[PDB]
Every structure is written in structure tokens, then in C-alpha cells.
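**Q**
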Amino acid sequence: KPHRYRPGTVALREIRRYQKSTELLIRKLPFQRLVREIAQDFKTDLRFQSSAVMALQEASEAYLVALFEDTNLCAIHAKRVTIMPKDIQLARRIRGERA
Amino acid sequence: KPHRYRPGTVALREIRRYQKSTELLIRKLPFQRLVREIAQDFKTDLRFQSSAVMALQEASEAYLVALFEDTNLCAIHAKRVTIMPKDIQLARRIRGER
Amino acid sequence: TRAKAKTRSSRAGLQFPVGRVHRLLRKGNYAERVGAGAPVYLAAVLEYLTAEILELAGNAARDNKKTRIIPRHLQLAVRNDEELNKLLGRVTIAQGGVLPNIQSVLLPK
Amino acid sequence: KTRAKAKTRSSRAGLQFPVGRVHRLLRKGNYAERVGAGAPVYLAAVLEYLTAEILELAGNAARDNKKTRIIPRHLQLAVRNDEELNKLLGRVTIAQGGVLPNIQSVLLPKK
Amino acid sequence: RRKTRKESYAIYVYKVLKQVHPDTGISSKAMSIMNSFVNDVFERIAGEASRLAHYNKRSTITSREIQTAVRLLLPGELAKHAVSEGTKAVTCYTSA
Amino acid sequence: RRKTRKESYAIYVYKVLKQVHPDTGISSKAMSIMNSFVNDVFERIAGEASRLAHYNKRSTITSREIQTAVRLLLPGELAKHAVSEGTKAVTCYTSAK
Amino acid sequence: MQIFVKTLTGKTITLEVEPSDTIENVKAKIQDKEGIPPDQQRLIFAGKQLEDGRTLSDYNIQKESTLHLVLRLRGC
Amino acid sequence: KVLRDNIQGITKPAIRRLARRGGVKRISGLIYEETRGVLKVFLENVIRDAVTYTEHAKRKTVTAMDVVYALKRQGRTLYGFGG
Amino acid sequence: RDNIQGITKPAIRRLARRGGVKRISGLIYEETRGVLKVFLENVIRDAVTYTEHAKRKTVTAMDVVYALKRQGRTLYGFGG
DNA sequence: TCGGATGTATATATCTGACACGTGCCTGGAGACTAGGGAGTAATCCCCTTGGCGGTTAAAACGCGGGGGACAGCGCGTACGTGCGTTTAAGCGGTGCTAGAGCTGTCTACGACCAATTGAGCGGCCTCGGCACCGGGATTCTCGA
DNA sequence: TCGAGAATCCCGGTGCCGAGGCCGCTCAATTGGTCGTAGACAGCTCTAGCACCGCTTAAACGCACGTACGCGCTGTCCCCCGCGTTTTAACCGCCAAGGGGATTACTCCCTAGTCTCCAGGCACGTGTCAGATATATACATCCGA
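Protein chains in written order, with the authors' numbering: chain E, 37 to 135; chain A, 37 to 134; chain G, 10 to 118; chain C, 9 to 119; chain H, 26 to 121; chain D, 26 to 122; chain K, 1 to 76; chain B, 20 to 102; chain F, 23 to 102.
1. Mind pulling the chain A residues with CB within less than 8 Å of residue 3(G)?
2. Quick check: is the beta carbon of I36(D) nearer than 7 Å to any beta carbon in chain C?
3. According to DSSP, is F67(E) part of a helix, a strand, or is it coil?
4. On the DSSP bridge assignment, give the partners of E16(K) in chain order.
5. Would you decide whether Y41(E) is buried or exposed? Buried here means 16 or more other CB atoms lie within 10 Å of its CB.
6. Would you be able to state if there are at least three C-beta pairs under 8 Å between the region 71-79 of chain E and the region 87-100 of chain B?
7. Cutting at 7 Å between CB atoms, please list the residues of its own chain near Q62(K), excluding the five before and the five after it.
8. Once the 5 residues before and after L108(G) are set aside, which same chain residues still bring their CB inside 7 Å of it?
9. When you compare each of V49(G), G37(G), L115(G) and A103(G) to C117(H) by their alpha carbons, which one comes out closest?
10. With DSSP collapsed to three states, give me the class of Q41(K).
11. Would you list the one or two residues that DSSP bridges to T85(D)?
12. Which residues in the same chain as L22(B) place their Cβ atom closer than 7 Å to its Cβ, once the five residues preceding and following it in sequence are excluded?
13. Taking Cβ positions only, does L126(A) come closer than 7 Å to chain E?
14. Is there a C-beta anywhere in chain C that falls below 7 Å from the one on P47(D)?
15. At a CB distance below 8 Å, what residues from the region 58-70 of chain H approach chain B? Give them in sequence order.
16. Using the beta-carbon of each residue, which ones in chain C are nearer than 7 Å to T107(E)?
17. Looking at the C-beta of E133(E), does it have a partner C-beta in chain F at a distance below 7 Å?
18. Determine the direct distance from the alpha carbon of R72(K) to that of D39(K), and round the result to whole angstroms.
19. Out of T49(H), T29(H), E110(H) and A78(H), point me to the one whose CA is closest to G37(C)'s CA.
20. Just list the residues that DSSP pairs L69(K) with in beta bridges.
21. List the residues of chain B whose Cβ lies closer than 8 Å to the Cβ of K54(H), in chain order.
22. Checking contacts by CB at 7 Å: is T87(H) closer than that to chain F?
23. Quick one: is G98(G) near chain A, going by C-beta distance under 7 Å?
24. Verify the CB distance criterion: does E94(A) have a CB-CB separation below 7 Å to chain G?
25. So who's on the other strand from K33(K), going by DSSP bridges?
26. If you scan the region 40-98 of chain F from start to end, which runs of the beta strand (DSSP E) of 3 or more residues do you find wholly inside it?
27. For the alpha helix (DSSP H) containing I62(G), list its first residue and its last residue.
28. Taking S61(H) as the reference, which of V38(H), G72(H) and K43(H) has the closest Cα?
29. Tell me, which residues are paired with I102(G) by DSSP?
30. Check the DSSP bridge columns for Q93(E) and list the partner residues they point to.
31. For the pair the region 61-71 of chain H and the region 42-52 of chain F, tell me if three or more CB-CB distances fall below 8 Å.
32. Please determine if the region 61-79 of chain G and the region 42-57 of chain H are in contact, where contact requires at least 3 C-beta pairs separated by less than 8 Å.
33. Answer yes if the region 113-125 of chain A comes into contact with the region 11-20 of chain G, meaning at least three C-beta pairs across the two stretches below 8 Å, and no otherwise.
34. Secondary structure at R128(E), three-state DSSP: helix, strand or coil?
35. Which stretch, first to last residue, makes up the alpha helix (DSSP H) that contains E64(K)?
Okay, here's the thing in C-alpha cells:
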């Protein structure tokens with residue numbers, strides 16, 4: 037019979053592996069395309085240095101990781117294990133970002 | 037026989053009344069004594085202007101009111117009506133204070 | 010001979026003092042030299058913002074059938090407008106109070 | 009009329025950071041009309057102390073993992089494990105830093 | 026034996042108030058609040074303009090620095106209306 | 026070929042590193058991070074001192090303003106040690122000449 | 001017991017202390033016999049840095065031990 | 020004269036009134052001590068900054084301007100007391 | 023140009039896993055995409071304002087750092 | 001489903017302290033003129049940005065079985081809200097007194113500014129050792145019986 | 001409780017590129033001297049902050065009672081997780097063209113500095129009405145029935 041792990045083991049393994057390392061997690065080209073499309077609205081025919089795109093990517097990733105940590109704490113506070121959109125909304129509301 | 041209100045009515049009445057007014061809630065002299073005792077630890081034989089005490093009282097009251105608002109939101113999020121210390125702890129943790 | 014004096018504020022058609030703003034800019038240790046066009050711009054911007062807040066506060070005061078303006082009216086005017094609230098998000102106003110809201114869950118059945 | 013040999017102001021105070029450069033930056037930075045003769049020395053000493061402390065902690069972290077060079081991960085580990093330094097750099101993100109290895113206790117497997 | 030002079034923004038605030046609502050007064054504490062508000066906004070804008078001038082290796086602050094600082098600080102509609110008012114005032118001043 | 030000179034704190038940071046840990050290198054990214062850290066702290070302290078001097082309607086920046094700004098910015102133990110180091114440095118500089 | 005400590009200058013010096021001797025008195029004795037201030041130096045035994053309030057009994061340092069001595073140059 | 024045991028001057032009904040203004044409806048019996056601790060910490064921070072400010076000026080009376088500056092330094096500006 | 027869809031589901035899963043999450047519901051992805059869009063909008067608006075004032079045509083790495091610092095989100099190691 | 005008791009909103013007299021206004025005057029703002037350096041503008045150089053083409057291989061997309069977690073419903077007992085009688089000290093109105101904040105002179109030591117000059121720090125080259133990579137074996141776990 | 005598979009770590013050999021050090025030189029920090037004024041010190045005047053004493057009454061305290069809500073337990077259903085197969089586009093390498101960033105020289109004009117003059121804004125004093133209290137009354141709202 038095929039050997040299967042119980043649901044939950046691979047999640048913890050991925051947690052350990054991914055917070056042991058220090059690389060980026062989003063593919064570079066789609067992020068660059070998104071940045072260009074977002075900036076197109078404000079001014080036409082713009083140009084970007086590579087280091088600017090790198091800095092934007094790093095800042096966005098750090099922000100998202102911190103927000104996800106806060107969301108996990110909010111989810112645990114209510115005797116649950118799965119995160120849900122209401123947890124994200126509550127975290128953003130308490131942080132003072134959402135009006 | 038005596039007329040009694042069901043538990044919860046007076047709470048809402050007080051909520052409305054204290055959200056309609058603006059005056060301070062903590063008494064003056066105990067707050068002044070607390071401020072003096074706290075400040076004693078940094079430099080002996082200090083003197084205060086009255087406006088300084090008033091400013092401290094206003095700032096502290098505003099801070100406490102905001103904290104209680106966030107605490108009530110946290111308590112509501114978990115299917116409860118009564119607030120508990122862990123709600124205060126979670127709100128202070130998320131806000132970014134040690 | 011010499012001509013009669015006219016204030017720069019009168020020339021610009023404003024109600025805020027251009028000369029005082031110019032002096033404060035010069036003496037505030039912001040830059041080596043200060044141009045001749047900055048005071049007019051700064052005075053105009055300050056006048057506009059003051060007029061906006063005052064109009065909202067006066068409307069709120071007239072709502073409560075009163076002839077004068079007290080800090081509660083200013084707080085009500087500021088907290089009920091989105092952009093003004095965002096501009097003053099970290100400012101507390103003395104003798105202000107709060108906005109009368111109650112969560113829907115706590116209401117009686 | 010024989011001018012003496014020049015001696016750096018940093019050497020008199022027994023420091024390593026440049027006193028003269030800091031003095032020039034203070035004068036040209038538009039902070040006040042005039043600058044005293046004792047501020048640059050104080051500023052240089054303070055900056056030197058902070059740099060030395062952070063470098064010592066980061067070097068210890070690097071030696072822990074059998075390496076002879078310092079990389080941004082070592083700096084992040086050094087900063088985030090000390091409460092006072094963490095308080096100082098509360099709102100600062102370091103590129104290529106990562107995060108501390110923690111897991112919530114409830115999520116751990118039962119039994 | 027008279028005291029020293031303390032500057033304030035009293036007369037101008039009162040003039041603007043009488044311009045907007047002609048039949049409304051104001052009390053003392055609200056007046057102090059308005060004074061503090063004006064000073065705070067002035068300081069914020071001036072500091073932003075000074076930093077912007079420093080970044081570009083330039084040694085003077087002109088109307089362009091003020092305009093860019095206003096655009097950076099304020100939210101959208103307030104920024105647009107303030108920009109319009111400022112440019113109109115500067116043009117009217119230069120014309121005469 | 027004409028190239029503009031750029032100033033940095035690299036050599037002094039390297040001197041301090043060799044002073045505390047005799048055998049340890051450093052990469053370029055860490056040096057850039059340290060440069061940014063030094064510049065940020067310098068700006069914070071200088072701005073605080075300037076504001077403090079302006080409050081008391083004085084037109085000079087002395088060592089007293091720097092000491093007060095340092096005591097205001099840093100947490101406890103760091104403030105104590107930094108104050109001690111600064112006072113020692115000033116005394117040593119004044120004694121020699 | 002007797003210990004041998006090598007410095008950054010490539011020189012090794014003998015040292016006579018007891019297992020329960022804390023690093024404070026050992027540093028004082030080394031200062032007496034060499035002139036080196038106690039707070040200017042710091043020592044490694046088996047890749048671990050000593051603690052001033054600790055001794056060699058808990059640190060497991062015995063006779064004929066080899067310790068590494070590295071300067072900590074600090075002051076004004 | 021040395022003062023002692025003044026944190027108990029913040030009575031339970033005062034905390035109840037503050038919570039009522041905040042919008043709370045039901046309060047558990049363990050909130051009051053936590054509120055006292057939080058208020059104590061906040062006051063310690065603000066008073067420390069104000070006393071440093073008044074010390075630099077070679078004075079001996081804490082003025083309202085010192086409190087205003089100390090509050091502003093922490094991003095909690097206050098309007099209506101000058102400056 | 024629906025480039026917002028370039029943020030694949032496994033990438034969001036990896037970010038959450040580094041954040042410390044063990045289980046993820048089925049509707050997190052839309053919220054994450056919206057939040058990221060808002061953040062990028064604000065930062066890029068500030069950076070473009072700086073670049074336009076400087077009288078240039080290409081954004082630099084410096085004004086990105088300036089815009090990030092303006093919002094109290096300082097970044098180290100990019101020539102700041 | 002109605003009806004009595006309680007709290008809250010509405011209308012009127014009245015008296016007090018704060019707001020609005022009139023004066024004198026003195027210091028800060030305006031008019032007129034010079035002189036000098038910061039900034040606008042044109043021309044030139046070349047570095048870095050954009051655009052295109054081929055492959056290759058790892059990563060993303062899709063489908064499926066199933067076990068574990070989210071959620072609704074029930075029962076219990078205890079902590080909290082409401083009301084009443086008793087105790088405590090906060091608040092107000094005076095009377096004293098002095099420590100210290102605030103302003104004025106004056107006088108000297110400290111910082112800005114200038115000319116000559118020489119050594120610290122930056123740009124360009126290069127060489128080699130520390131770290132990245134690949135293959136293999138020992139080890140440490142997890143899940144079913 | 002015990003043992004068969006997978007995933008991870010320790011070890012050894014190999015090769016590459018950037019980190020550490022050396023030269024040459026140009027600009028900026030030193031040294032020596034003068035001058036003007038910012039602030040430190042002494043003296044004086046007057047305010048407001050601290051201390052005390054008495055009285056009134058409103059708020060804090062403690063106790064009894066009942067009830068609605070926090071929390072544990074059970075059952076069900078469905079929806080994410082782990083795995084295998086197919087598809088796709090990201091990444092790397094290489095090659096071309098040229099737009100716009102970065103210097104350098106030249107010149108006109110915008111702003112700081114000085115002197116004279118005068119009127120705008122601030123401290124001070126005075127009056128009167130907007131609003132805060134007190135009293136009475138009408139109306140909305142809640143809890144048993």
C-alpha cells in the first residue's frame with residue numbers, strides 16, 4: 037500500500053523549512069509586470085531601475101509576512117486553527133490601517 | 037413587588053448618558069496624589085503647575101477610552117459579551133506595545 | 010517723495026499675514042535662502058484649511074441651536090468628515106468627547 | 009615660524025570615528041546658527057559605542073554557525089534577540105533578514 | 026510694569042469666521058485649539074519642504090517646494106483645492 | 026574618465042570590527058546596512074538636539090544638548106553606557122591639546 | 001591546577017588557580033603577574049567564552065588545559 | 020513627605036464609567052487590576068520624559084509646555100494647552 | 023491587463039507558511055490580493071510624486087526609500 | 001396581546017461672568033538702493049534601459065479519495081447586575097507665606113572667518129582563499145499492526 | 001507497545017569570484033591670527049504654589065438575591081490536505097539600438113543687507129446679554145399581565 041502522511045505533518049515541515057531560509061517567495065517577472073501596470077495610471081512612459089523593483093518586492097513581502105502573523109494570532113484567540121478573512125479584517129482594523 | 041429592571045437596561049442607559057457628555061470621570065485629588073508619588077522617583081522636591089496636571093489627566097483618560105473600545109471589539113470577535121483580561125492583552129499585543 | 014504703504018496681504022487678496030509668515034520661514038532654520046513666492050502659497054493654504062474647518066464647525070453649532078462654538082462642535086465636525094479625520098488621525102482634542110455609537114449585537118432582542 | 013606636525017582631532021580624543029567630518033556635517037546640515045566645540049566629540053563617541061556593540065553581537069552569531077564572515081542574516085539574528093536593540097529598531101526592516109524560528113504551542117501535534 | 030508681547034493668530038481666525046458665518050461667535054478654548062492646529066500644520070509643511078530642498082542639492086525653497094510638499098502631505102480633494110487656491114493667490118500677487 | 030567621489034563610513038566600521046573580533050570578515054551588503062544605520066542614528070540625534078536648542082531660544086549647539094538628546098532617545102542601559110563613554114571622550118580631548 | 005594560556009601574540013603563559021576560583025580573582029592574579037587589566041582581556045576554553053562570575057569547576061577546566069586569550073581593547 | 024499606596028485611589032466605579040463611555044456592557048471581576056497596571060506604565064513613561072525636559076532647563080517647576088512636548092514626542096499630540 | 027492574477031495561490035501559501043500558519047481557508051487569496059494592491063498603490067504614488075518633482079523620467083532606488091521612510095517603514099541596505 | 005410606574009424631554013423666569021469693543025502706543029513691516037553669487041540654459045558623452053529569440057526544466061494547474069475540524073444544539077451552575085442602608089472624604093470658601101520664575105546690566109571668553117599646506121581617503125588593479133556545489137553514507141524521524 | 005520507509009544531516013572533493021591589500025593623487029582638514037557678540041553671573045520684584053481649617057452632602061462601600069450567560073459535551077457533514085499526471089512559462093544566455101542621466105561652461109537676475117519712516121497689532125479697561133440653574137409639566141418607554 038502507498039505510504040501517506042497524516043494531514044498536518046507536511047505543513048509543519050514546510051513551516052520549519054521556509055522560516056529557516058532567507059529567500060524571496062514571489063516570481064520576479066509577474067511582480068515586475070504588476071508594478072509597471074500599477075504605475076502606468078499616474079504617468080505615461082515611465083522607466084524603472086532594477087534596484088527599485090527589488091526594493092519594492094522586499095518591502096511588500098515583509099509587510100505581508102507580518103500581517104499573516106497577526107492574523108494567525110487573531111485566529112488562535114477564538115479557539116480555531118484555520119485563518120479566515122474576518123481575522124484579517126479585525127487585525128487591520130485594530131492596527132489602525134483601515135478607517 | 038418593587039419594580040426592578042431586567043439585567044442590561046441600566047447598562048445601555050449609562051452608555052448613552054456617558055457618550056452624550058464631555059466632563060472628566062476620574063476624581064481630581066487622587067489623580068494628583070498618584071502623579072506626585074510617581075514623579076517622586078526621578079527627582080526629589082518637585083513642584084507642579086495645575087495645567088500640567090490637567091493635561092496629564094486628559095491624555096490618560098483618552099488613552100484608556102480608546103483601549104477599552106479596542107478591547108470590546110476583541111471580546112465581541114470571539115462570541116462573547118463580557119470582556120476579560122486576555123482581550124486587553126491581545127489588543128495591546130497587536131497595537132505594537134510591550 | 011515716498012508712496013503710501015500697502016501690505017503684501019492686501020496685494021495678494023488674502024486675510025493671513027504674509028510678512029509674518031515670511032519672517033517665521035526665515036528665522037526657523039529651514040534653508041539658507043527663502044524665495045519671494047513661498048509666503049503667499051503658505052498663507053493661501055492655511056487660510057483655505059481654516060475656512061473649511063470653521064464652516065463645518067459652525068454648521069454643527071447651528072444644528073444644536075447655539076450662537077457660539079465650543080470644543081465639542083469642533084470634535085464633531087472633525088470626526089464626521091473622512092479627509093479631515095485622516096489628516097488628524099493621531100490628535101486628541103481637549104473637552105471633545107466621543108461619537109455616539111453602539112454595537113448592534115449588544116442591543117436587546 | 010615653524011608650523012608643528014599636524015595631529016588629527018580624533019587622535020587627541022583616542023577615537024576611531026572622524027571628528028572633523030562630523031563637525032562639517034553638523035555645520036552644513038542646517039541645525040543651528042553656530043555649533044560648539046564639544047558636540048562632535050560626543051557624537052563620535054556615541055556612534056562608535058553603538059557600532060561596536062552591534063558588531064560584537066553579530067560576530068558572535070556568525071561564529072556560532074561556523075562561518076568567518078558576516079552576512080545580513082547574522083545581523084538580523086543579533087538585533088532581534090536583544091530586547092533593547094529590538095526596541096531601538098522597532099520600525100526598521102533589514103533586507104535578506106528572514107524571521108525568528110518560532111511555532112505556536114497549540115499547533116504542535118497531539119500526544 | 027506691563028507684560029511682554031505674545032504673538033497669536035487671533036485676528037485672522039476671527040476675520041475668516043465672520044466671513045463664513047456672519048452671525049456666530051467663538052469661545053476661548055476653541056480659539057486656543059485653532060491656534061495650535063494652525064501652528065502644527067505650518068510646521069509640518071515647512072519641514073517637508075526643507076527636506077525636499079535638501080534632497081536635490083539645492084539651497085533655496087521656492088513655491089514649487091511648497092506645492093510638492095502640499096501634494097505629498099494632504100489627501101486627495103483637499104490637495105487639489107489647496108493647490109488651486111495657492112496658484113490663484115500667487116498669480117494674483119504677481120500680476121499687481 | 027571623470028568620476029565623482031562618494032563618502033562613507035566603511036573604513037571606520039572595518040577598524041572597529043578588527044578591534045573587537047580580530048579574525049572576522051564582512052561582505053558588502055552588511056557594510057551597506059551598517060552605513061545606513063549610522064546615518065539614521067546621526068540624523069535622529071542631531072534633529073532632536075536642534076529642536077531642544079530651539080525650544081529654549083538659544084542659538085548654539087553644545088555638548089549638553091547632545092547629552093540630553095541621547096538620554097531622551099535610547100533605552101536605559103544603552104543610555105547609561107553611551108553617556109559614560111561620551112563624557113570620558115570629552116574629558117580626554119579637553120585634557121590633551 | 002596549572003593551566004597554559006596562549007595570547008594573540010603567540011606567547012603561552014602558565015597560570016595557577018583552583019577549580020572553584022571565579023574568573024574575577026583569576027583575572028586579578030593575572031593582572032598582578034602580567035599587568036594586564038582584568039577587563040581588557042577575554043578567554044576561550046573549547047570554543048566557549050568564560051563568565052566572570054563563574055569558576056573552572058563548573059566550566060570543566062583542569063590541569064594542563066589550553067585556553068585562548070584575545071584582547072578587548074576599550075576605553076575613552 | 021513620602022507618599023504611599025495611591026494607586027488604589029482609582030476606584031472601581033471610575034473604571035466602570037470609563038468602560039461605559041467606551042461602549043462596554045458587561046465587565047468581568049478581574050479587569051480593574053490590569054487597568055491599574057496599564058495606567059501606571061503609561062504615566063511612568065510620560066512623567067519620565069517631562070522630568071527630563073524640565074531638568075534640561077535648570078528649572079524646578081514642571082510647566083504645561085514640558086508635558087505637551089513629552090506627549091508630542093511619542094506621537095500623541097494634544098490640542099488646547101498652548102504651543 | 024489582469025496582471026494581479028500573477029500572484030499564484032502557492033506563492034500566497036508560501037508567504038503564509040513562513041508567517042507561521044498551519045491551515046488556510048479557501049477565501050484568503052482575494053483579501054490578500056486586495057491588500058497588496060492597496061499597499062503598492064500608495065507607495066508607488068509617493069515615489070512617482072518624488073520623481074516628477076526631481077524633473078526626471080526614470081524612478082530611482084533612492085526615492086522608493088524616501089517614500090517608504092515617509093510612511094514610517096524604513097528600509098536598510100539599498101543605498102539609503 | 002393591554003396598563004401602570006419611571007425616566008426623559010419641553011417650556012419659562014432670572015441672574016451672572018465672559019465676550020466683544022474702544023484707546024495709546026511702540027515696535028515690526030514697508031519703500032528705495034546696491035552688489036554678488038546661485039541657478040537657468042545650451043552642448044556633449046556614453047551608460048544603462050528596453051526589445052527580441054531559443055531551450056529546458058522546474059513549477060503551476062487539475063482531479064480524486066478521505067479524515068479531521070467547524071458549527072449547531074443541549075444542560076448546568078456560578079459570577080455578575082440591581083437595589084438599599086451606612087460610612088467616608090472630596091469639594092468649596094477663605095487666610096498666610098515664601099520659594100522661585102521672570103526681567104535688566106555688563107563683561108569677557110568663545111566661535112566665525114581667512115590664507116598657506118600637506119597627508120588622509122578615494123578610485124583603479126589583482127591575487128588567491130572561503131564558500132558554493134555534487135555525490136555518498138549515517139542518522140532521525142513517522143505511521144500500521 | 002514494536003519495525004519498514006522517507007527525509008535530513010555529516011563528510012569529502014572540486015572550482016570560482018569577490019574580499020582584502022597595494023599605488024597615485026587631489027581636495028579637505030590643520031595651524032596660526034583677529035574680531036565681535038552670546039551667554040554667564042549678580043541683583044531685584046512680584047506671583048502663584050503649598051499649607052491649613054471648617055462645613056456640607058454626594059459618592060463610595062458592603063450586603064442580599066436572583067438569573068442569564070460562559071463553558072463542556074455530543075453528533076454530523078463537508079471541505080481542505082496529500083498525492084499523481086499533464087501543461088506552461090520563467091529563467092538563462094546572447095545580441096542590437098539608442099534615450100536619457102550626468103558634466104561643464106557661460107551669463108543675467110533674484111535675494112540678502114542697510115537706512116528711514118509710520119501704522120498695525122497688542123495690553124488694558126468697560127459694559128451687557130447668552131447661557132447655565134431651578135421649577136413645573138407633558139410624553140416616551142419598559143415590564144408584568
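Yeah, the Cβ is synthetic: ideal placement off N, Cα and C, and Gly gets one too.
**A** Quick look at the numbers:
1. Because chain G spans 10 through 118 in this model, residue 3(G) falls outside it and cannot be assessed.
2. no
3. helix
4. Here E16(K) is bridged, per DSSP, to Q2(K).
5. exposed
6. By the C-beta criterion, the region 87-100 of chain B is judged not to be in contact with the region 71-79 of chain E, since fewer than 3 inter-stretch pairs fall below 8 Å.
7. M1
8. The beta carbon of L108(G) sits closer than 7 Å to the beta carbons of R88 from its chain, once the five residues preceding and following it are set aside; these are given in chain order.
9. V49(G)
10. Strand.
11. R42(C)
12. none
13. yes
14. No Cβ of chain C is located within less than 7 Å of the beta carbon of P47(D).
15. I58, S61, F62, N64 and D65
16. Those within 7 Å of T107(E) in chain C number zero; the least Cβ separation is about 12 Å.
17. no
18. Taking the straight line from one Cα to the other gives about 8 Å.
19. Answer by Cα proximity: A78(H).
20. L43(K)
21. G99
22. no
23. no
24. Yes, because at least one Cβ of chain G sits closer than 7 Å to the Cβ of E94(A).
25. In the DSSP output, where bridge partners are listed per residue, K33(K) has none listed.
26. Within the region 40-98 of chain F, the beta strand (DSSP E) runs of at least 3 residues that lie entirely inside it are, in chain order, 96-98.
27. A47 to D72
28. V38(H)
29. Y98(B)
30. Paired residues: none, contrary to the question.
31. no
32. yes
33. no
34. Correct three-state label for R128(E): helix.
35. Run containing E64(K): none; DSSP gives neither H nor E here.
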